[PDB]
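Below: the structure, in C-alpha cells.
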Amino acid sequence: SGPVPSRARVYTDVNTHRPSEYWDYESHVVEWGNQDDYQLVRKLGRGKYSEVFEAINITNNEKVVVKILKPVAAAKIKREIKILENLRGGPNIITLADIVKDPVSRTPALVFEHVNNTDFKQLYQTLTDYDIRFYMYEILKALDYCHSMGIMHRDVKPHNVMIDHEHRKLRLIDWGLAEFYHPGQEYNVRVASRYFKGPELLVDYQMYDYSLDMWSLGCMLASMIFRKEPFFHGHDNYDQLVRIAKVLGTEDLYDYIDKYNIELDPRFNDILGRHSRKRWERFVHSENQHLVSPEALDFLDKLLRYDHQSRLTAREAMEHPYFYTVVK
Ligand SMILES: Nc1ncnc2c1ncn2[C@@H]1O[C@H](COP(=O)(O)OP(=O)(O)O)[C@@H](O)[C@H]1O
Ligand SMILES: NCc1ccc(-c2ccccc2O)c(Cl)c1
Ligand SMILES: NCc1ccc(-c2ccccc2O)c(Cl)c1
Ligand SMILES: [Mg+2]
Ligand SMILES: [Mg+2]
C-alpha cells in the first residue's frame with residue numbers, strides 16, 4: 001500500500017558513481033575567503049533567506065554580487081555552497097567567486113559574478129518570439145547541465161534567471177533550494193513559488209526528481225507566450241491544483257494519482273469539479289499571436305503534463321522543433 005515508488009528516467013545513477021565527497025554536503029569543509037576584499041556599494045534587496053548587495057572586489061576592481069545568508073539550518077547553507085562549487089564552469093550556471101563571513105550578520109556571505117540583469121517586468125513586455133526561444137534554449141543548457149550533475153534546481157522562475165539582454169547573457173542563479181537527486185529519496189514538497197509548483201508537489205508526492213524543473217520551465221513559457229502572468233493563478237495551494245485541472249482536465253489528473261496510488265486531500269471534493277483537457281490554441285488571441293506558433297504549443301503540451309515521468313527531459317526539450325529557428 002501507499003505511494004507507488006518513482007525514479008527519474010535519466011541521470012538516475014549520477015550520484016552513486018561519484019565519490020561521497022560530491023553529494024555529501026554535511027561533510028564539506030568551507031574554505032573561507034577574506035571579507036575585507038569586498039566593499040558593499042548598494043543593497044539590491046532582501047528576501048526571506050538573504051540580503052543581496054552589489055559590491056566591488058577591491059583586489060581586481062571588478063563588480064560582484066554579495067548574498068548574505070540569513071541564519072537557517074547549517075545543512076541548508078553547506079548544500080548551497082557544495083552545489084555551486086560542483087556546478088561552477090557549467091553552461092549558464094552562475095559563478096560562485098568567494099565565500100566570506102560577513103562581520104555584521106556573523107553569517108556566510110556568497111560572492112557571485114555580477115550579471116547586469118533587466119528586471120522581469122521590463123523584459124516580459126519587450127522579448128520577441130525569437131528572443132523567448134533563444135533564452136529558453138539557454139535555460140535548458142543550465143538545466144540539462146545541473147540534471148546531468150545529479151542536481152535539481154527546484155526554484156526555476158524569472159527572478160532566479162539573470163538576463164543581461166544587451167550581451168544576450170543568461171545565468172541560472174539561486175541554488176538555495178537545489179538538492180542532490182538520490183533514486184527513491186522522499187523530498188520535501190514545500191519547495192518553489194505557488195504558481196510554479198508542479199502537480200507532484202500539490203498532491204504531496206515526495207519521490208519527485210529533475211522533471212519538477214521542467215514543469216516550472218513550462219509555467220514560465222506559458223505565462224510569456226500567452227501574456228497571462230502567472231499562467232496558473234491559484235489563490236492558495238489547493239486552488240493552484242484546481243487552476244491546473246481547468247486546463248489539463250480532471251480525467252488525466254485522476255489517471256496520474258491512480259498510477260502512483262495517491263489520494264487527493266478530501267477538501268478537493270467541494271472545489272475540484274469535472275474539467276475537460278483544453279486545446280492549447282484556446283489561450284491564443286490577437287495580443288499574443290506574435291509569440292505563439294504550432295511548435296511553441298506542441299512544446300508547451302510536452303512540458304505541462306501531470307505525470308512527471310511523461311514530461312520532456314531537458315536534453316529532449318533541446319531537440320524540439322520550437323528551437324529549430326534559434327541560431328546555434
Ligand atoms: N549574480 C547576480 N547578478 C545580479 N543580480 C543578482 C545576482 N544574484 C542575485 N541577484 C539579485 O538578487 C536577488 C536575490 O538573489 P537569490 O540568489 O535568488 O536569493 P534568494 O535565495 O534569497 O531568493 C535576485 O532575484 C536578483 O535580483
Ligand atoms: N546588513 C547585513 C546583514 C545584517 C544582518 C543580517 C541578518 C542576520 C540575522 C537574522 C536576520 C538578518 O537579516 C543580514 Cl542577512 C545581513
Ligand atoms: N529576470 C529576468 C528574466 C528572466 C527570464 C525571462 C524569461 C525568458 C524566456 C521565457 C520566459 C521568461 O520568463 C524573462 Cl522575461 C526575464
Ligand atoms: Mg531567488
Ligand atoms: Mg533562494
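In the C-alpha cells, each chain is lettered A, B, ... as it comes, each chain's residues begin at 1, and ligands are numbered from 1 in order of appearance.
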Mind listing the residues within 6 Å of ligand 3, only C-alpha atoms and all ligand atoms counted, as a short mmCIF file (atom, residue, chain, number, x, y, z; two decimals) with N, CA and C atoms, in the first residue's frame?
data_model
loop_
_atom_site.label_atom_id
_atom_site.label_comp_id
_atom_site.auth_asym_id
_atom_site.auth_seq_id
_atom_site.Cartn_x
_atom_site.Cartn_y
_atom_site.Cartn_z
N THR A 118 18.16 42.83 -16.56
CA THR A 118 17.00 43.68 -16.84
C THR A 118 15.89 43.05 -15.99
N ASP A 119 15.11 43.86 -15.24
CA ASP A 119 14.04 43.31 -14.39
C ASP A 119 12.99 42.59 -15.24
N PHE A 120 12.39 41.52 -14.69
CA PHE A 120 11.37 40.70 -15.35
C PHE A 120 10.26 41.53 -15.96
N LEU A 123 11.58 42.98 -19.35
CA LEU A 123 11.85 42.02 -20.44
C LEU A 123 10.58 41.32 -20.87
N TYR A 124 9.66 41.09 -19.92
CA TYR A 124 8.37 40.44 -20.18
C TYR A 124 7.60 41.18 -21.29
N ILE A 132 12.56 34.87 -26.90
CA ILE A 132 11.96 33.89 -25.98
C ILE A 132 12.56 32.50 -26.22
N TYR A 135 16.32 32.47 -25.24
CA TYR A 135 16.54 32.42 -23.79
C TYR A 135 16.07 31.09 -23.18
N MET A 136 15.01 30.50 -23.73
CA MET A 136 14.54 29.19 -23.25
C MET A 136 15.62 28.13 -23.51
N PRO A 158 11.35 33.40 -13.21
CA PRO A 158 12.11 34.54 -13.75
C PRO A 158 13.08 35.27 -12.82
N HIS A 159 12.75 35.49 -11.54
CA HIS A 159 13.66 36.21 -10.63
C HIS A 159 14.92 35.39 -10.29
N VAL A 161 16.51 33.79 -12.78
CA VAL A 161 17.21 33.71 -14.05
C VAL A 161 17.67 35.11 -14.41
N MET A 162 18.99 35.35 -14.34
CA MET A 162 19.53 36.67 -14.67
C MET A 162 19.77 36.80 -16.16
N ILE A 163 19.25 37.88 -16.76
CA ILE A 163 19.47 38.13 -18.17
C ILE A 163 20.05 39.51 -18.41
N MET A 220 6.73 29.16 -16.84
CA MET A 220 7.40 30.40 -17.31
C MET A 220 7.10 30.63 -18.80
N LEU A 221 7.22 29.58 -19.60
CA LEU A 221 6.95 29.67 -21.03
C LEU A 221 5.48 30.07 -21.32
N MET A 224 4.76 33.72 -20.55
CA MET A 224 5.41 34.56 -21.54
C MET A 224 4.69 34.61 -22.87
#
Expected answer as a ChimeraX atom specification: residues within 12 Å of ligand 5, only C-alpha atoms and all ligand atoms: /A:46-52,67-70,76-77,79-80,153-157,159-161,172-178,191-193
Residues from the last selection, C-alpha atoms, saved as a CSV table (one decimal), in the first residue's frame:
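Writing done, so here's part_35.csv:
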chain,number,residue,atom,x,y,z
A,46,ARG,CA,16.3,41.4,1.0
A,47,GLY,CA,14.1,38.4,0.7
A,48,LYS,CA,13.1,35.6,3.1
A,49,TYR,CA,16.6,33.9,3.0
A,50,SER,CA,19.2,36.6,2.2
A,51,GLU,CA,20.1,40.2,1.8
A,52,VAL,CA,21.8,40.9,-1.6
A,67,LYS,CA,24.4,37.3,-1.0
A,68,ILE,CA,24.5,37.5,2.9
A,69,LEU,CA,22.6,34.4,4.2
A,70,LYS,CA,20.0,34.8,6.9
A,76,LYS,CA,21.0,24.3,4.1
A,77,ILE,CA,24.0,26.7,3.9
A,79,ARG,CA,24.1,22.4,0.5
A,80,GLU,CA,24.0,25.7,-1.5
A,153,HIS,CA,17.2,23.4,-9.0
A,154,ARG,CA,13.6,23.2,-7.5
A,155,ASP,CA,13.1,27.0,-7.8
A,156,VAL,CA,13.1,27.8,-11.5
A,157,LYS,CA,11.3,31.1,-12.1
A,159,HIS,CA,13.7,36.2,-10.6
A,160,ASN,CA,16.1,33.2,-10.4
A,161,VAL,CA,17.2,33.7,-14.1
A,172,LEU,CA,20.6,30.5,-13.6
A,173,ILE,CA,21.1,31.7,-10.0
A,174,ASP,CA,19.7,30.9,-6.5
A,175,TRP,CA,20.7,27.3,-5.8
A,176,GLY,CA,19.5,27.8,-2.2
A,177,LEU,CA,16.6,25.3,-2.7
A,178,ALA,CA,18.6,22.9,-5.0
A,191,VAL,CA,9.6,24.0,-2.5
A,192,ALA,CA,9.1,26.5,-5.4
A,193,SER,CA,6.7,29.5,-5.6
Polymer residues at most 12 Å from residue 327 (chain A), only C-alpha atoms, same-chain spacing of 2 or more positions, as a list in words: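 Those residues are residues 130, 131, 133, 134, 135, 137, 138, 323, 324 and 325 of chain A.
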Nearest residue to residue 111 (chain A) from the set A:310, A:125, A:92, A:35 (distances using only C-alpha atoms):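 Distance minimum relative to residue 111 (chain A) lands on A:35.
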Excluding region 208-217 of chain A and any residue of its chain fewer than 6 positions from it, enumerate the residues within 7 Å of it, using only C-alpha atoms, and give them as a JSON list (two decimals) with C-alpha atoms, in the first residue's frame.
[["chain", "number", "residue", "atom", "x", "y", "z"],
["A", 8, "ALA", "CA", 13.92, 9.70, -12.82],
["A", 147, "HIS", "CA", 20.47, 17.44, -14.00],
["A", 152, "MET", "CA", 17.56, 19.53, -9.32],
["A", 153, "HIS", "CA", 17.16, 23.35, -9.03],
["A", 154, "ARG", "CA", 13.59, 23.20, -7.55],
["A", 156, "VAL", "CA", 13.09, 27.80, -11.54],
["A", 157, "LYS", "CA", 11.25, 31.12, -12.14],
["A", 181, "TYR", "CA", 18.86, 13.56, -6.70],
["A", 196, "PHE", "CA", 5.47, 27.37, -10.41],
["A", 197, "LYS", "CA", 4.65, 24.33, -8.22],
["A", 198, "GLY", "CA", 4.42, 21.02, -10.09],
["A", 200, "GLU", "CA", 3.67, 16.30, -7.73],
["A", 303, "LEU", "CA", 6.29, 20.12, -20.59],
["A", 304, "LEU", "CA", 2.96, 20.76, -18.84],
["A", 308, "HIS", "CA", 6.41, 13.88, -14.04],
["A", 311, "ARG", "CA", 7.47, 15.32, -19.41],
["A", 313, "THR", "CA", 13.72, 15.91, -20.16]]
Selected residue of minimal separation from ligand 1 among A:94, A:10, A:149, A:4, counting only C-alpha atoms and all ligand atoms: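 Of all the options, A:94 lies closest to ligand 1.
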Backbone DSSP call of helix (DSSP H, G or I) for region 3-175 of chain A, listed as a PyMOL selection string: chain A and resi 20-23+25-27+35-37+74-87+120-126+129-148+158-160+165-167
Residue contacts of residue 299 (chain A) (10 Å, only C-alpha atoms) excluding same-chain residues fewer than 2 positions away, as an NGL selection string: :A and (218 or 221 or 293-297 or 301-304 or 312 or 317 or 320-323)
Nearest to residue 150 (chain A), chosen from A:282, A:18, A:290, A:7, with only C-alpha atoms counted in the distances: A:18
Test item: residues at most 10 Å from residue 235 (chain A), only C-alpha atoms, excluding those fewer than 5 positions along its chain, as a ChimeraX atom specification: /A:194-195,240,243
Which of A:265, A:24, A:144, A:98 sits closest to residue 179 (chain A) [using only C-alpha atoms]: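 Result for the nearest residue to residue 179 (chain A): A:24.
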Residues within 10 Å of residue 166 (chain A), only C-alpha atoms, excluding chain neighbours under 2 positions, as a VMD selection string: chain A and resid 116 to 118 163 to 164 168 to 169
Quick one: write out the picked residues with N, CA, C and O atoms as a PDB file, in the first residue's frame?
ATOM      1  N   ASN A 116      24.406  42.063 -15.242  1.00  0.00           N
ATOM      2  CA  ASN A 116      23.623  43.285 -15.398  1.00  0.00           C
ATOM      3  C   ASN A 116      22.217  42.912 -15.882  1.00  0.00           C
ATOM      4  O   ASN A 116      21.909  43.021 -17.072  1.00  0.00           O
ATOM      5  N   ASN A 117      21.373  42.467 -14.939  1.00  0.00           N
ATOM      6  CA  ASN A 117      20.017  41.977 -15.176  1.00  0.00           C
ATOM      7  C   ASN A 117      18.965  43.048 -15.490  1.00  0.00           C
ATOM      8  O   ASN A 117      18.825  44.014 -14.740  1.00  0.00           O
ATOM      9  N   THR A 118      18.165  42.825 -16.556  1.00  0.00           N
ATOM     10  CA  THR A 118      16.998  43.681 -16.837  1.00  0.00           C
ATOM     11  C   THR A 118      15.893  43.052 -15.986  1.00  0.00           C
ATOM     12  O   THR A 118      15.778  41.823 -15.989  1.00  0.00           O
ATOM     13  N   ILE A 163      19.254  37.879 -16.757  1.00  0.00           N
ATOM     14  CA  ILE A 163      19.469  38.130 -18.173  1.00  0.00           C
ATOM     15  C   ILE A 163      20.054  39.513 -18.407  1.00  0.00           C
ATOM     16  O   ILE A 163      19.434  40.510 -18.075  1.00  0.00           O
ATOM     17  N   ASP A 164      21.231  39.551 -19.009  1.00  0.00           N
ATOM     18  CA  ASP A 164      21.893  40.779 -19.452  1.00  0.00           C
ATOM     19  C   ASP A 164      21.563  40.779 -20.928  1.00  0.00           C
ATOM     20  O   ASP A 164      22.271  40.156 -21.709  1.00  0.00           O
ATOM     21  N   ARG A 168      23.127  39.366 -24.385  1.00  0.00           N
ATOM     22  CA  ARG A 168      22.446  38.081 -24.627  1.00  0.00           C
ATOM     23  C   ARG A 168      23.012  36.990 -23.695  1.00  0.00           C
ATOM     24  O   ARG A 168      23.211  35.851 -24.082  1.00  0.00           O
ATOM     25  N   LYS A 169      23.316  37.395 -22.473  1.00  0.00           N
ATOM     26  CA  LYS A 169      23.954  36.577 -21.447  1.00  0.00           C
ATOM     27  C   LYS A 169      22.892  36.151 -20.406  1.00  0.00           C
ATOM     28  O   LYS A 169      22.165  36.989 -19.893  1.00  0.00           O
TER      29      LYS A 169
END
Of the listed residues A:266, A:184, A:91, A:45, that which approaches ligand 1 most closely, counting only C-alpha atoms and all ligand atoms: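 Ranking A:266, A:184, A:91, A:45 by distance to ligand 1, first place goes to A:45.
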Distance criterion (only C-alpha atoms and all ligand atoms): nearest to ligand 1 out of A:170, A:140, A:73, A:14: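 Checking each candidate against ligand 1, we get A:170 as the closest.
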One-decimal distance in Å that lies between CA of residue 252 (chain A) and CA of residue 273 (chain A):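 Atom-to-atom, CA of residue 273 (chain A) and CA of residue 252 (chain A) are spaced 13.3 Å apart.
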